[PDB]
Amino acid sequence: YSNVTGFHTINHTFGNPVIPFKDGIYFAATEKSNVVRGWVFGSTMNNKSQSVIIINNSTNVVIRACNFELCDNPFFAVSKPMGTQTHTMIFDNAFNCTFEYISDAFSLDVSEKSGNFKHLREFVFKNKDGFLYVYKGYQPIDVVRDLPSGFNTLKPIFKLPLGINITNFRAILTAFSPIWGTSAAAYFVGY
Amino acid sequence: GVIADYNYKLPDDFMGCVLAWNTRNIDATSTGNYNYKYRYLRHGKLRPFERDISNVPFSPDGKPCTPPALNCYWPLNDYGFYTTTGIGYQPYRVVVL
Ligand SMILES: *[C@@H]1O[C@H](CO)[C@@H](O)[C@H](O)[C@H]1NC(C)=O
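Chains as they are written, first to last, in the deposited numbering: chain A, 63 to 240, 244 to 256; chain C, 403 to 499.
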């Protein structure tokens with residue numbers, strides 16, 4: 063029952079600040095259109111320190127640790143009438159690339175849906191003994207807003223030995239362009 | 403000291419081995435191998451097992467720097483490897499398990 067900061071992405075609201083990691087975080091993902099697709103974990107959030115990017119690019123799951131020249135507004139662009147992702151505007155530069163992962167090939171639902179938020183993805187991140195503990199949960203719901211009361215065990219998926227400086231982070235959203246725009250989603254901070 | 407909390411920190415529970423050998427005729431030169439540097443400077447300290455190669459100018463006491471400002475300098479300090487010095491200023495090369 064602790065305080066959960068809700069960052070809503072609604073029509074003009076495109077919320078992805080630099081959020082402190084301080085000791086670990088609970089990422090919730092109230093989703094229907096897979097808008098939130100990534101994170102950037104670092105400390106300086108620029109090309110000076112090491113940082114890791116953990117994204118789903120609708121074909122793969124990519125984990126990459128470099129000195130990323132962070133775009134201050136990183137976003138994926140999906141054409142709202144076409145239903146296809148157009149842009150990969152993540153970073154301009156990457157160097158001293160420390161870790162590199164790409165997952166298996168797949169094809170994800172890129173399109174904007176309507177109605178209620180169909181699936182909830184619950185993620186828990188920890189920097190322990192220089193690992194990056196990444197834990198996962200998933201169950202379907204259908205609601206308009208307001209992260210529901212419930213109980214679900216989260217599972218370890220990735221024990222990531224990155225060995226990097228993570229004190230801050232930023233979510234990577236999806237901007238839906240029909244020139245930028247959104248559709249409805251929300252994510253949650255969870256210290 | 404400076405190695406752990408600024409350059410790279412090690413946890414105090416599980417560590418492998420220190421593979422260290424003498425590279426006096428490899429890295430050093432009797433005038434000074436001034437081609438290598440190390441961090442003395444960060445807004446804070448590191449967690450265990452953590453890299454940091456941030457060339458943002460910082461402060462030695464963790465103070466948030468908007469440079470040019472108070473105690474704002476470059477993160478990296480010299481080594482100075484001689485072949486005409488004792489073991490404390492000679493280079494070794496260390497592999498950690
Ligand atoms: C956190 O939640 C409690 C009860 O749910 C509430 O009293 C408190 O105001 C919340 N914190 C903030 C910052 O609103």
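Note that the Cβ used here is the ideal one computed from N, Cα and C, for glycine as well.
What did DSSP end up calling residue i once you bin it into helix, strand or coil?
i, result
"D171(A)", "coil"
"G145(A)", "coil"
"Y491(C)", "helix"
"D407(C)", "helix"
"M107(A)", "coil"
"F451(C)", "coil"
"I228(A)", "coil"
"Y475(C)", "strand"
Please report the distance separating the alpha-carbon of residue i from that of residue j.
i, j, result
"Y438(C)", "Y88(A)", "40 Å"
"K94(A)", "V206(A)", "10 Å"
"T75(A)", "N479(C)", "44 Å"
"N435(C)", "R441(C)", "17 Å"
"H70(A)", "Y475(C)", "40 Å"
"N178(A)", "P459(C)", "47 Å"
"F238(A)", "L412(C)", "44 Å"
"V97(A)", "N129(A)", "25 Å"
"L443(C)", "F483(C)", "21 Å"
"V497(C)", "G104(A)", "26 Å"
"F253(A)", "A90(A)", "5 Å"
"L448(C)", "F213(A)", "34 Å"
"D171(A)", "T121(A)", "10 Å"
"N457(C)", "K110(A)", "5 Å"
Tell me whether residue i counts as near ligand 2, meaning its Cβ is closer than 7 Å to at least one heavy atom of that ligand.
i, result
"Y256(A)", "This structure lacks ligand 2; the ligands present are ligand 1."
Give the DSSP bridge partners of residue i, in chain order.
i, result
"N424(C)", "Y494(C)"
"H445(C)", "DSSP output for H445(C) lists no bridge partner at all."
"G246(A)", "Its beta-bridge partners do not exist; DSSP assigns none."
"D480(C)", "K439(C)"
"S113(A)", "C128(A)"
Of all the residues that make up the stretch 440 to 468 of chain C, which are near chain A by a beta-carbon distance shorter than 9 Å?
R444, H445, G446, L448, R449, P450, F451, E452, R453, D454, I455, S456, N457, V458
Report the residues of the stretch 102 to 121 of chain A with a CB closer than 8 Å to any CB of chain C, ordered along the chain.
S105, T106, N108, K110, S111, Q112
With 8 Å as the limit, tell me which residues of the stretch 171 to 197 of chain A have their beta carbon closer than that to any beta carbon of chain C; keep them in chain order.
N189, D191, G192, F193
Which residues, in chain order, does the stretch 405 to 424 of chain C contribute to contact with chain A at a C-beta distance below 7 Å?
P413
If you measure beta-carbon to beta-carbon, which residues of the stretch 144 to 174 of chain A are closer than 9 Å to chain C?
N158, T160
Chain-ordered residues of the stretch 219 to 237 of chain A with a beta carbon less than 9 Å from chain C
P223, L224, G225, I226, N227, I228, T229
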